[PDB]
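Below is one structure, written out as structure tokens; the observations come after it.
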Amino acid sequence: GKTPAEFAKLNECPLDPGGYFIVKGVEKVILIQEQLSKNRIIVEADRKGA
Amino acid sequence: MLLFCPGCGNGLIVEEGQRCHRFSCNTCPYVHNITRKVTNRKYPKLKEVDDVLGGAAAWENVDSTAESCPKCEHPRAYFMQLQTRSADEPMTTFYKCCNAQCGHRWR
Amino acid sequence: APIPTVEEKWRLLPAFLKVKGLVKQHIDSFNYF
Amino acid sequence: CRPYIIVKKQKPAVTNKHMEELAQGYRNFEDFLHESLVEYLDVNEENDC
Amino acid sequence: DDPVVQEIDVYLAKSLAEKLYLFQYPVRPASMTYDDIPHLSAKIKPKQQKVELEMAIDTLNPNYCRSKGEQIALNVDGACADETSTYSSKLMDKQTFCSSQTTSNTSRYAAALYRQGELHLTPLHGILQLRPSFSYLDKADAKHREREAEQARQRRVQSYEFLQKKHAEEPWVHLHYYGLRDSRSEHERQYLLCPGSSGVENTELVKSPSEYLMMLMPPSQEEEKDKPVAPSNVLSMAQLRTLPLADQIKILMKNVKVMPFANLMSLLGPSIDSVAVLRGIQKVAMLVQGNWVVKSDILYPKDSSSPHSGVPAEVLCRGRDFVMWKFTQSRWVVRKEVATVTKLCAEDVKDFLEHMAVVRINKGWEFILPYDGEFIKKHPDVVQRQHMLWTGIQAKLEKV
Ligand SMILES: [Zn+2]
């Protein structure tokens with residue numbers, strides 16, 4: 001909620017995207033993961049073809 | 001095709017223990033002795049007969065008429081047809097020519 | 001006949017970007033948490 | 001998800017008057033959502049569109 | 001689509017509301033009914049409704065394998081005990097059925113009896129599903145086996161034998177039976193037809209469709225944890241009932257900067273008094289060239305500062321009032337250099353011009369929207385009020 005005028009006092013860039021953490025001085029980003037849905041019927045052909 | 005006992009609702013079996021065979025359950029004493037015909041089956045299964053006549057087997061199948069190729073037409077390939085899978089599916093035909101060093105054979 | 005074209009459809013995109021869109025997923029998820 | 005403009009009987013739901021209103025500031029995006037002018041679509045649902 | 005035929009009426013019979021049951025046999029074709037075979041015994045429990053129905057079986061008929069039946073009876077019943085036997089003879093004389101409940105609540109199901117020109121409805125007391133039971137094999141197995149030979153936290157609630165014991169608590173009830181062939185069935189059938197006048201205006205069913213939709217789609221949230229202060233933009237086209245009209249005008253003039261009078265009655269709608277809104281408007285706007293513009297202080301509260309990425313400064317509305325007075329004095333302001341008069345940075349001047357003016361090439365800035373017939377609305381008095389109020393504000397502003 002700060003305006004750029006106040007951003008200037010904190011030594012931050014108004015254009016900065018944010019959304020990361022600062023831990024011991026380094027900026028860390030928790031990336032988006034990807035995975036299959038649960039509770040779904042899957043029909044699959046075995047390595048033997050069954 | 002399958003039958004179920006009306007008395008208890010289970011698959012029945014055929015057995016003989018008297019003058020005539022009978023359709024019988026096994027958890028309830030229901031018996032229905034068979035006395036007429038039925039006209040349907042489970043469609044049995046035996047594998048691909050390919051080389052039982054391979055090569056030049058019994059020459060009783062010599063035939064006269066044959067088709068011809070659209071390109072070359074030397075005197076040696078009389079006609080043929082065969083079948084695909086089972087009782088109630090279509091029957092395929094291929095027309096194949098062979099002298100040497102190619103891979104021609106039509107469908 | 002030429003079906004008439006809404007020339008300003010694209011103006012919806014800046015409107016959408018004002019509340020959602022870029023980098024807002026991380027912040028919304030953390031806020032909910 | 002993705003937003004799309006709804007179409008009925010070969011005319012888009014949105015109209016130049018809505019765009020003029022949005023430019024002037026009378027309405028915002030969520031107004032388009034509530035008046036059934038646009039809607040989100042998921043991968044599974046847009047299989048049927 | 002006009003009506004064609006058979007505008008049949010419907011009536012509700014409460015005679016058997018707690019007395020009707022619906023049995024069904026998933027394993028039996030509907031063409032093979034049970035009425036032919038005599039029934040012998042039945043049991044029921046009132047709570048957790050379940051039944052045990054005992055069915056006689058023909059033995060004289062040839063399809064009964066007598067040898068197999070004797071073997072089964074020997075396997076299940078004592079060789080010569082016969083004191084408490086599942087069957088009286090040395091062959092099975094009966095087979096048993098057991099019931100399974102389908103759904104806990106049956107309020108939305110009803111049994112309808114058709115009749116010429118009329119339908120008679122009745123609520124069901126329950127629905128049950130009947131299957132043949134194979135427990136005699138278990139009894140035979142048990143007989144074969146008997147012939148062969150600071151406590152921790154309780155978790156007995158979830159155990160099956162708990163429920164078995166709880167069901168066993170309920171005492172059994174024995175029932176008499178009458179088949180469909182008995183005239184007793186037809187006699188009892190009379191109770192479905194509820195008596196009364198054919199045409200009656202029901203006292204209930206007063207809810208209009210809006211109330212019905214409200215009733216069967218209850219609001220998702222009974223009470224919200226926060227109040228809609230709405231400092232930022234919110235749903236606008238819906239005139240929120242919780243939002244008083246004065247604040248409606250406030251937020252609307254905060255969103256759109258300059259706006260003629262007509263669009264106000266266009267947006268609020270004709271339901272609101274057109275005279276009362278004048279009050280809010282004069283608290284929140286003034287006629288430049290016959291069109292309202294929002295105060296500077298509404299956009300610039302006294303506790304704020306220049307938010308734009310140019311030069312921070314103390315909140316100075318006076319520049320906005322100055323350019324606004326210039327717009328009142330002339331149709332369009334040629335002065336690029338308003339900064340020379342009011343001493344802000346050029347970017348602030350351009351921002352101030354942006355809200356209410358548009359650029360014309362080599363011709364300065366022009367008021368964004370044109371003049372109007374301000375006298376059509378019969379308030380020249382408020383026009384004069386604004387006029388000498390602006391005379392006073394100009395006198396104040398002339399100090400700098
Ligand atoms: Zn059986």
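The way I read the labels, and the way they are meant: chains A, B, ... in the order of the structure tokens, residue 1 as the first residue of every chain, and ligand 1 as the first ligand shown, with later ones counted on from there.
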At a cut-off of 7 Å, list the chain C residues touching chain A, using only C-alpha atoms, as a list in words.
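Those within range of chain A come out as residues 23, 26 and 27 of chain C.
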Atoms kept (N, CA and C atoms) for selection, written as a PDB file, in the first residue's frame:
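Generated file (again09.pdb):
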```pdb
ATOM      1  N   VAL C  23       2.411 -12.664 -11.194  1.00  0.00           N
ATOM      2  CA  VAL C  23       3.018 -12.741  -9.864  1.00  0.00           C
ATOM      3  C   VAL C  23       1.996 -12.626  -8.736  1.00  0.00           C
ATOM      4  N   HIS C  26       1.461 -16.164  -6.288  1.00  0.00           N
ATOM      5  CA  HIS C  26       2.247 -16.384  -5.081  1.00  0.00           C
ATOM      6  C   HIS C  26       1.668 -15.601  -3.912  1.00  0.00           C
ATOM      7  N   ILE C  27       1.367 -14.324  -4.139  1.00  0.00           N
ATOM      8  CA  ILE C  27       0.931 -13.457  -3.054  1.00  0.00           C
ATOM      9  C   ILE C  27      -0.443 -13.875  -2.555  1.00  0.00           C
TER      10      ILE C  27
END
```
What are the closest atom pairs, with distances in Å to one decimal, for all residues of chain E lying within 12 Å of ligand 1? Consider only C-alpha atoms and all ligand atoms, order rows by chain and residue number, and present the result as JSON lines.
```
{"residue": "E:132", "atom": "CA", "partner": "ligand 1", "partner_atom_place_in_ligand_line": "1 (Zn)", "distance": 10.5}
{"residue": "E:133", "atom": "CA", "partner": "ligand 1", "partner_atom_place_in_ligand_line": "1 (Zn)", "distance": 11.1}
{"residue": "E:134", "atom": "CA", "partner": "ligand 1", "partner_atom_place_in_ligand_line": "1 (Zn)", "distance": 9.4}
{"residue": "E:137", "atom": "CA", "partner": "ligand 1", "partner_atom_place_in_ligand_line": "1 (Zn)", "distance": 11.5}
```
Selected residues written out, N, CA and C atoms, as a tab-separated table (two decimals), in the first residue's frame:
```
chain	number	residue	atom	x	y	z
E	132	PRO	N	-32.62	-63.07	-1.05
E	132	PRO	CA	-32.55	-64.38	-0.40
E	132	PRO	C	-31.29	-64.51	0.43
E	133	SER	N	-31.40	-65.27	1.52
E	133	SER	CA	-30.31	-65.43	2.48
E	133	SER	C	-29.70	-66.82	2.38
E	134	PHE	N	-28.37	-66.87	2.47
E	134	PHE	CA	-27.61	-68.12	2.41
E	134	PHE	C	-27.08	-68.53	3.78
E	137	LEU	N	-25.91	-72.27	4.90
E	137	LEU	CA	-24.55	-72.76	4.72
E	137	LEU	C	-23.68	-72.42	5.93
```
query = Which polymer residues have any atom within 12 Å of an atom of residue 70 of chain B, counting only C-alpha atoms, with same-chain residues fewer than 2 positions away left out, as a list in words?
reply = residues 67, 68, 72, 73, 74, 95, 97 and 106 of chain B
Residues of chain B within 7 Å of chain E, counting only C-alpha atoms - could you list those as a PDB file with N, CA and C atoms, in the first residue's frame?
```
ATOM      1  N   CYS B   8     -32.461 -69.162  -6.414  1.00  0.00           N
ATOM      2  CA  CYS B   8     -31.469 -68.495  -5.580  1.00  0.00           C
ATOM      3  C   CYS B   8     -30.548 -67.551  -6.335  1.00  0.00           C
ATOM      4  N   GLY B   9     -30.569 -67.533  -7.665  1.00  0.00           N
ATOM      5  CA  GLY B   9     -29.769 -66.583  -8.414  1.00  0.00           C
ATOM      6  C   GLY B   9     -28.293 -66.920  -8.442  1.00  0.00           C
ATOM      7  N   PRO B  29     -31.570 -77.100  -4.438  1.00  0.00           N
ATOM      8  CA  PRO B  29     -31.865 -78.339  -5.176  1.00  0.00           C
ATOM      9  C   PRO B  29     -32.558 -78.156  -6.518  1.00  0.00           C
ATOM     10  N   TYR B  30     -32.683 -76.928  -7.015  1.00  0.00           N
ATOM     11  CA  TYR B  30     -33.344 -76.730  -8.298  1.00  0.00           C
ATOM     12  C   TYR B  30     -32.700 -77.609  -9.364  1.00  0.00           C
ATOM     13  N   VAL B  31     -33.537 -78.339 -10.097  1.00  0.00           N
ATOM     14  CA  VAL B  31     -33.127 -79.102 -11.268  1.00  0.00           C
ATOM     15  C   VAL B  31     -34.078 -78.804 -12.417  1.00  0.00           C
ATOM     16  N   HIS B  32     -33.521 -78.633 -13.613  1.00  0.00           N
ATOM     17  CA  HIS B  32     -34.303 -78.529 -14.844  1.00  0.00           C
ATOM     18  C   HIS B  32     -33.701 -79.485 -15.868  1.00  0.00           C
TER      19      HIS B  32
END
```
Requested in this report: Pull out every residue of chain C that has at least one atom within 9 Å of chain D, counting only C-alpha atoms, and report them as an MDAnalysis selection string.
Outcome: chainID C and resid 3 5:9 11:12 15:16
Checklist entry - When DSSP works through the backbone of this structure, what residues of segment 54-289 of chain E end up as strand (DSSP E or B), shown as a PyMOL selection string? => result chain E and resi 54-56+64+94-101+110-115+118-123+127-132+173-174+258-259+285-288
Export N, CA and C atoms of the chosen residues as a CSV table (one decimal), in the first residue's frame?
```
chain,number,residue,atom,x,y,z
E,54,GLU,N,-39.9,-65.2,5.8
E,54,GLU,CA,-39.7,-66.7,5.6
E,54,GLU,C,-40.6,-67.2,4.5
E,55,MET,N,-40.0,-67.9,3.6
E,55,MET,CA,-40.7,-68.3,2.4
E,55,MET,C,-40.7,-69.8,2.3
E,56,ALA,N,-41.9,-70.4,2.1
E,56,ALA,CA,-42.1,-71.8,1.8
E,56,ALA,C,-41.5,-72.2,0.5
E,64,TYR,N,-37.3,-80.3,-7.4
E,64,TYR,CA,-36.7,-80.4,-6.0
E,64,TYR,C,-35.9,-81.7,-6.0
E,94,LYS,N,-38.3,-74.4,3.8
E,94,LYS,CA,-38.4,-73.0,3.7
E,94,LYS,C,-37.1,-72.4,3.3
E,95,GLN,N,-37.1,-71.2,2.8
E,95,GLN,CA,-36.0,-70.3,2.6
E,95,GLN,C,-36.3,-68.9,3.1
E,96,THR,N,-35.3,-68.2,3.5
E,96,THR,CA,-35.4,-66.9,4.2
E,96,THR,C,-34.9,-65.8,3.4
E,97,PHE,N,-35.5,-64.6,3.6
E,97,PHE,CA,-35.0,-63.3,3.0
E,97,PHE,C,-34.6,-62.3,4.1
E,98,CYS,N,-33.7,-61.5,3.8
E,98,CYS,CA,-33.2,-60.4,4.7
E,98,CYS,C,-33.3,-59.1,4.0
E,99,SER,N,-33.5,-58.0,4.7
E,99,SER,CA,-33.7,-56.7,4.2
E,99,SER,C,-32.5,-55.8,4.5
E,100,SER,N,-32.2,-54.9,3.5
E,100,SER,CA,-31.2,-53.8,3.7
E,100,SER,C,-31.9,-52.5,3.5
E,101,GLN,N,-31.6,-51.5,4.4
E,101,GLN,CA,-32.1,-50.2,4.2
E,101,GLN,C,-31.4,-49.5,3.1
E,110,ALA,N,-42.6,-40.3,-2.5
E,110,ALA,CA,-44.0,-40.5,-2.2
E,110,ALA,C,-44.5,-41.6,-3.1
E,111,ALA,N,-45.6,-42.3,-2.6
E,111,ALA,CA,-46.3,-43.3,-3.4
E,111,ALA,C,-47.6,-42.7,-4.0
E,112,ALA,N,-47.7,-42.8,-5.3
E,112,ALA,CA,-48.9,-42.2,-6.0
E,112,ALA,C,-49.8,-43.3,-6.5
E,113,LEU,N,-51.1,-43.2,-6.2
E,113,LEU,CA,-52.1,-44.1,-6.7
E,113,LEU,C,-52.9,-43.4,-7.8
E,114,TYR,N,-52.8,-43.9,-9.0
E,114,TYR,CA,-53.5,-43.3,-10.2
E,114,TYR,C,-55.0,-43.7,-10.2
E,115,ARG,N,-55.8,-42.8,-10.6
E,115,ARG,CA,-57.2,-43.0,-10.8
E,115,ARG,C,-57.7,-42.1,-11.9
E,118,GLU,N,-57.8,-38.2,-11.4
E,118,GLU,CA,-57.3,-37.8,-10.1
E,118,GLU,C,-56.1,-38.6,-9.7
E,119,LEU,N,-55.2,-38.0,-8.9
E,119,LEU,CA,-54.1,-38.7,-8.3
E,119,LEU,C,-54.1,-38.5,-6.8
E,120,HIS,N,-53.8,-39.6,-6.1
E,120,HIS,CA,-53.8,-39.6,-4.6
E,120,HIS,C,-52.4,-40.0,-4.2
E,121,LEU,N,-51.7,-39.0,-3.4
E,121,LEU,CA,-50.4,-39.2,-3.0
E,121,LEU,C,-50.3,-39.6,-1.5
E,122,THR,N,-49.2,-40.2,-1.1
E,122,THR,CA,-49.0,-40.6,0.3
E,122,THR,C,-47.5,-40.7,0.6
E,123,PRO,N,-47.1,-40.1,1.6
E,123,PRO,CA,-45.7,-40.2,2.0
E,123,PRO,C,-45.3,-41.6,2.4
E,127,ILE,N,-38.2,-47.4,2.7
E,127,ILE,CA,-37.9,-48.2,1.5
E,127,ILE,C,-36.9,-49.3,1.9
E,128,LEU,N,-37.2,-50.6,1.6
E,128,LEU,CA,-36.4,-51.7,1.9
E,128,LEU,C,-36.1,-52.6,0.7
E,129,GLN,N,-34.9,-53.2,0.7
E,129,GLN,CA,-34.5,-54.1,-0.4
E,129,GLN,C,-34.3,-55.5,0.2
E,130,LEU,N,-35.0,-56.5,-0.5
E,130,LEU,CA,-35.0,-57.8,0.0
E,130,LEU,C,-34.2,-58.7,-0.9
E,131,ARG,N,-33.4,-59.6,-0.3
E,131,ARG,CA,-32.6,-60.6,-1.0
E,131,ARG,C,-32.8,-62.0,-0.3
E,132,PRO,N,-32.6,-63.1,-1.0
E,132,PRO,CA,-32.5,-64.4,-0.4
E,132,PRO,C,-31.3,-64.5,0.4
E,173,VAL,N,-40.6,-58.4,16.6
E,173,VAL,CA,-42.1,-58.3,16.4
E,173,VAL,C,-42.5,-59.2,15.3
E,174,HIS,N,-43.6,-60.0,15.6
E,174,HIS,CA,-44.1,-61.0,14.6
E,174,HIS,C,-45.3,-60.4,14.0
E,258,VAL,N,-15.4,13.7,-14.0
E,258,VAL,CA,-16.3,14.7,-14.5
E,258,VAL,C,-17.4,14.0,-15.2
E,259,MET,N,-18.7,14.5,-15.0
E,259,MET,CA,-19.8,13.7,-15.4
E,259,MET,C,-21.1,14.7,-15.4
E,285,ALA,N,-19.6,18.2,-5.5
E,285,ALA,CA,-19.3,18.6,-6.8
E,285,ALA,C,-19.7,20.0,-7.1
E,286,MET,N,-19.3,20.6,-8.2
E,286,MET,CA,-19.6,21.9,-8.6
E,286,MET,C,-19.7,22.0,-10.2
E,287,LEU,N,-20.5,23.0,-10.7
E,287,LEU,CA,-20.7,23.2,-12.1
E,287,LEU,C,-19.5,24.0,-12.7
E,288,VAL,N,-18.6,23.3,-13.4
E,288,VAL,CA,-17.7,23.9,-14.4
E,288,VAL,C,-18.4,23.7,-15.8
```
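The environment of segment 319-327 of chain E within 9 Å, counting only C-alpha atoms and disregarding residues fewer than 4 places along the same chain, consists of residues 288, 289, 293, 295, 296, 331, 332, 333, 338, 339, 341, 342, 343, 344, 349, 352, 353, 356, 366, 367, 390, 393, 394 and 397 of chain E.
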Can you spit out the residues from that selection as a tab-separated table (two decimals), in the first residue's frame, using C-alpha atoms?
```tsv
chain	number	residue	atom	x	y	z
E	288	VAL	CA	-17.73	23.89	-14.40
E	289	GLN	CA	-19.22	24.69	-17.81
E	293	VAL	CA	-16.39	18.04	-11.09
E	295	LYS	CA	-13.65	18.44	-5.10
E	296	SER	CA	-9.88	18.39	-4.91
E	331	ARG	CA	-13.70	27.51	-22.47
E	332	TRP	CA	-10.15	26.17	-22.83
E	333	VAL	CA	-6.81	26.97	-21.21
E	338	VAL	CA	0.53	26.80	-15.23
E	339	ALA	CA	3.66	25.74	-13.34
E	341	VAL	CA	1.80	30.51	-11.71
E	342	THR	CA	1.39	27.70	-9.17
E	343	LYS	CA	5.03	26.58	-8.94
E	344	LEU	CA	4.71	22.79	-9.09
E	349	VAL	CA	0.52	20.11	-14.03
E	352	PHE	CA	-3.94	17.91	-13.13
E	353	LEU	CA	-4.80	18.63	-16.76
E	356	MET	CA	-10.56	17.11	-16.88
E	366	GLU	CA	-9.47	21.95	-23.79
E	367	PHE	CA	-12.23	20.94	-21.42
E	390	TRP	CA	-16.53	30.48	-6.55
E	393	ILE	CA	-12.87	30.99	-3.51
E	394	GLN	CA	-11.25	33.12	-6.21
E	397	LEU	CA	-6.95	32.00	-4.07
```
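Picture a line from atom CA of residue 48 of chain D to atom CA of residue 34 of chain A; it runs 24.6 Å.
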Can you list every residue of chain E that has an atom at most 7 Å from chain D, with its nearest atom pair and the distance in Å to one decimal, using only C-alpha atoms, ordered by chain then number, as a tab-separated table?
```
residue	atom	partner	partner_atom	distance
E:235	CA	D:31	CA	6.4
E:236	CA	D:27	CA	6.4
E:237	CA	D:31	CA	6.7
E:255	CA	D:25	CA	6.4
E:256	CA	D:25	CA	5.6
```
Item to complete: Looking only at helix (DSSP H, G or I) from DSSP on the backbone, list the matching residues of chain C as a count of residues only.
Response: 18
Identify, on the basis of only C-alpha atoms, every residue whose closest approach to residue 202 of chain E does not exceed 12 Å; exclude the query and any residue fewer than 4 positions from it along the same chain; express the result as a compact mmCIF listing (two decimals) with C-alpha atoms, in the first residue's frame.
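So the final result, stored in out24.txt, reads:
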```txt
# COMPACT_ATOMS: atom_id res chain seq x y z
CA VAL E 10 -53.93 -34.18 -7.24
CA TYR E 11 -54.81 -34.85 -3.59
CA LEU E 12 -52.83 -35.83 -0.50
CA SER E 197 -64.26 -31.47 -2.07
CA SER E 198 -62.76 -31.82 -5.54
CA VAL E 206 -48.48 -18.94 -0.43
```
Expressed in Å, the length from atom CA of residue 92 of chain B to atom CA of residue 79 of chain B is 13.0 Å
Contacts from chain E to chain C, 12 Å maximum, only C-alpha atoms: show me the residue list as a ChimeraX atom specification. /E:232-234
